[PDB]
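Engineer: an experimental structure, sequence included, is below.
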Amino acid sequence: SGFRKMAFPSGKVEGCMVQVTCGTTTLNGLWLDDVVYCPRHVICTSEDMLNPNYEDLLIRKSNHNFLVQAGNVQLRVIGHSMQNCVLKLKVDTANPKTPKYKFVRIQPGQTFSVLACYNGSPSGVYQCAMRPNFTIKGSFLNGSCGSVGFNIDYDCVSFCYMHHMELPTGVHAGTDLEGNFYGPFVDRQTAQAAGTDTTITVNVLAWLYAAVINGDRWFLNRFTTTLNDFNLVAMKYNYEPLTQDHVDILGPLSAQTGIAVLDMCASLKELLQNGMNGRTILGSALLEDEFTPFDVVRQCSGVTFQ
Amino acid sequence: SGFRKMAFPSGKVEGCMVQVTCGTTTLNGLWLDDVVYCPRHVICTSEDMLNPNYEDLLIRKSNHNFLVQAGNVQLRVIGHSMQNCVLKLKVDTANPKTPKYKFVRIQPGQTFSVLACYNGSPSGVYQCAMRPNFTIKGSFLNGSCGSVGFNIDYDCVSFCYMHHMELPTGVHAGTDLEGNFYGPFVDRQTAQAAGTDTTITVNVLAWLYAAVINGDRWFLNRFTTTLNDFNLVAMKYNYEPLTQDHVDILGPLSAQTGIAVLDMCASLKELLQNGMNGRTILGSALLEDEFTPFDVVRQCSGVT
Ligand SMILES: *[C@@](O)(C(N)=O)[C@@H](C[C@@H]1CCNC1=O)NC(=O)[C@H](CC1CC1)n1cc(F)cc(NC(=O)OC(C)(C)C)c1=O
Ligand SMILES: *[C@](O)(C(N)=O)[C@@H](C[C@@H]1CCNC1=O)NC(=O)[C@H](CC1CC1)n1cc(F)cc(NC(=O)OC(C)(C)C)c1=O
């Protein structure tokens, strides 16, 4: 009963957060096995940030320029390389709290939990989604860089995000754990702007299903729609196109409630055209697009992690 | 910048969660030192739950009736006792991952993080407020009982909540860790309902401060109200009265933004009376009341 924006339990990631210092710049690193991953801009001074030559700056560094701290313990750095926009520091000690993990690159619309860290110490956990414009709507201050996003698959932590920067209107950008940016952003102090964001239609439909499961039904109507007619209306409200794959992915949720996906789409179409008329769904006065179909199943069926 | 509903990191609590089974009932327990704490209704069958004579039921239980599992490891139960609605199982092994901890009773309006668990395994985490009517708006399925709510201050875990029940409306009730219910609810199968809830005015103001700090300032106005005049209006909308102590507590946020509390109150008066006119605040079309002043300060200053 009840429906909440809900993050993965973070303990397995907390055990991997360290502090990385290079000169006068401190931020967070991820310690897995005998490697520490962090944003490469830990090697810049403020005066390099406008147009840094990172390859050049890294040559000028030595293993001893990197101070890595896990709690009170300094970890000795015995090697360093750069992959895309992440720095990899080889340390002499493997992290005893390393979980099973992998690195994945997620797609727009997928969700993940963020463990916000400052000086290598976990501060908070929240859920968000990779927006269609490749930003995230996070909560990050100075010091947070190197905070990671992740999912848990049973006992396996999939890391999908590492935090690097803030963009106009207070949204955020970063890389996968191979150091490739999501979207066309670059790690430098330069005017950049995200494109117009859109609403993740498949997620909105998942959340309408969550609403019905939790007993909110008023928006169900007597109509169906074709996929084409649905998209004609949705394009007009800055919604992502709903594809046949999305329809097929919502099928388990449709079986659980007895409401066919295209019947749900006809209800959404009416909500977009007529508005909510002052009314709420699962306590919200707007349509929520940061639960995937899997997040809804997970929450409404209590899938667990260890 | 940015502003999110943010839970505390849950790892210190995860290392304390165990599965407790008694006959056909399994739920979660909290393992601190050599004690496992869990809801006492773990000892009931379905028939028992009409009006359980807890003392009588517990007398008839054996230590051996309690299967406690921590990962792949059974803990041997060597004693049992009851404090109010919580069962304490003494086990022969102290939890090596016991963090520094206290048990606190929180006040309506205050927030905490919930680690929702099933079969002793962490499932997810989220933030709740103790509502003025002594419920929480959680997310809990069968098997969730024994999941805890907590705050972390530095390295100390303050356990404030343990989950026992759902109510009509899809809200939730539970106890502190001494096993006293928040509100007038009881641990038996009986028709129970939450009172009328109210809006946590002081929290709405904290959040409007959060909005300003993050640059969402369209709802600020040049007007000011008196405290009494503010309360005359807001109480009609079923908001809690704002007291001078509330005003005092908002002083840090007021000082940080430079907007006096009674200046901000005129914004809130206008938002209540006229709505948002299709605008949003921090992405919300409704006024949010589950962030405390401290939550805002924590997230907007970045304590760890
Ligand atoms: C569990 O004991 C548990 N094992 O997880 C609780 C879980 C609830 C089930 C779904 N979500 C929950 O929060 N609690 C109960 O089942 C409690 C038991 C407490 C009272 C001793 N409980 C027992 C009942 F007999 C009935 C209810 N609630 C209820 O009927 O609510 C309706 C909304 C369905 C009317 C209850 O919570
Ligand atoms: C970071 O390096 C860290 N140490 O935590 C991180 C933190 C951000 C600051 C405030 N919130 C954050 O998420 N990043 C930066 O400061 C990055 C540097 C990255 C790109 C190389 N950075 C630097 C900078 F000089 C400016 C910005 N952004 C910015 O000014 O945003 C607006 C919206 C004002 C254009 C930036 O992100």
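Structural biologist: Cool, the structure landed. Numbering: from 1, shown residues only, chains lettered A, B, ... in the order given. Ligands and ions are numbered 1, 2, ... in the order given.
Engineer: do stretch A:187-205 and chain B meet?
Structural biologist: No: legend: contact between stretch A:187-205 and chain B by CB under 8 Å from any CB of the partner chain is lacking; minimum distance shown is 11.3 Å. All C-beta atoms are positioned from the backbone trio N, CA, C, and that covers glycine.
Engineer: any buried residues in that stretch, and which?
Structural biologist: Going by neighbour count (16 or more other CB atoms under 10 Å in any protein chain shown), the buried part of stretch A:187-205 is A:187, A:194, A:197, A:198, A:199, A:200, A:201, A:202, A:203, A:204, A:205.
Engineer: what's the closest of the residues you listed to chain B?
Structural biologist: Distance to chain B across the buried residues of stretch A:187-205 (CB to the nearest CB) is lowest for residue A:197, with 11.3 Å.
Engineer: can you tell me the closest non-neighbouring residue to that closest one?
Structural biologist: Sequence neighbours aside, residue A:133 is the residue nearest to residue A:197 in space, at 4.6 Å (criterion: CB to CB, 6 or more residues apart in numbering or on different chains).
Engineer: likewise residue A:254?
Structural biologist: Leaving aside its sequence neighbours, residue A:254 sits nearest to residue A:261 (CB to CB, 6+ apart; 5.0 Å).
Engineer: contacts only, for that neighbour.
Structural biologist: Residue A:261 is in contact with A:205, A:247, A:250, A:251, A:254, counting by CB atoms under 8 Å, 6 or more residues apart in numbering or on different chains.
Engineer: how many residues are close by the fourth one?
Structural biologist: The reference is to residue A:251. By other CB atoms under 10 Å in any protein chain shown, 12 other residues sit near residue A:251.
Engineer: distance check, the nearest residue to it once chain neighbours are set aside against chain B.
Structural biologist: Spatial nearest neighbour of residue A:251, chain neighbours left out: residue A:261 (7.0 Å); criterion: CB to CB, 6+ apart. With distances taken as CB to the nearest CB, to the nearest Å, residue A:261 is found 24 Å from chain B.
Engineer: circling back: biggest separation within the contacts of residue A:261, which pair?
Structural biologist: A:205 and A:251 (11.4 Å; CB to CB).
Engineer: returning to what we had before: of the buried residues of stretch A:187-205, which are in range of ligand 2?
Structural biologist: Residues of the buried residues of stretch A:187-205 in contact with ligand 2 (CB under 6 Å from any ligand atom): residue A:187.
Engineer: and the buried residues of stretch A:187-205 as TSV, adding distance to residue A:99 and secondary structure?
Structural biologist: Converted to TSV, the buried residues of stretch A:187-205 look like this (distance: CB to CB, whole Å; DSSP: H, G, I helix; E, B strand; the rest coil):
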residue	distance to residue A:99	secondary structure
A:187	27	coil
A:194	32	coil
A:197	33	coil
A:198	34	coil
A:199	34	strand
A:200	29	coil
A:201	34	helix
A:202	30	helix
A:203	27	helix
A:204	33	helix
A:205	33	helix
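Engineer: any idea which of the buried residues of stretch A:187-205 is closest to ligand 2?
Structural biologist: residue A:187 (4.0 Å; CB to the nearest ligand atom).
Engineer: chain neighbours aside, what residue packs nearest to the closest one?
Structural biologist: Per CB to CB, 6+ apart, closest to residue A:187 is residue A:85, 5.0 Å.
Engineer: now do the contacts for the one you found.
Structural biologist: If a contact means CB under 8 Å, 6+ apart, then residue A:85 has A:39, A:40, A:41, A:164, A:175, A:179, A:180, A:181, A:187 as its contacts.
Engineer: PyMOL command for the buried members of the residues you listed?
Structural biologist: In PyMOL, the members of those classed as buried (16+ other CB under 10 Å) are selected with the following command:
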select buried, chain A and resi 39+40+41+164+175+179+181+187
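Engineer: now the two most distant members of the contacts of residue A:85.
Structural biologist: Maximum distance among those (CB to CB): 15.1 Å, for A:41 and A:180.
Engineer: list the contacts of residue A:94.
Structural biologist: Applying CB under 8 Å, 6+ apart, we find residue A:94 in contact with A:33, A:34.
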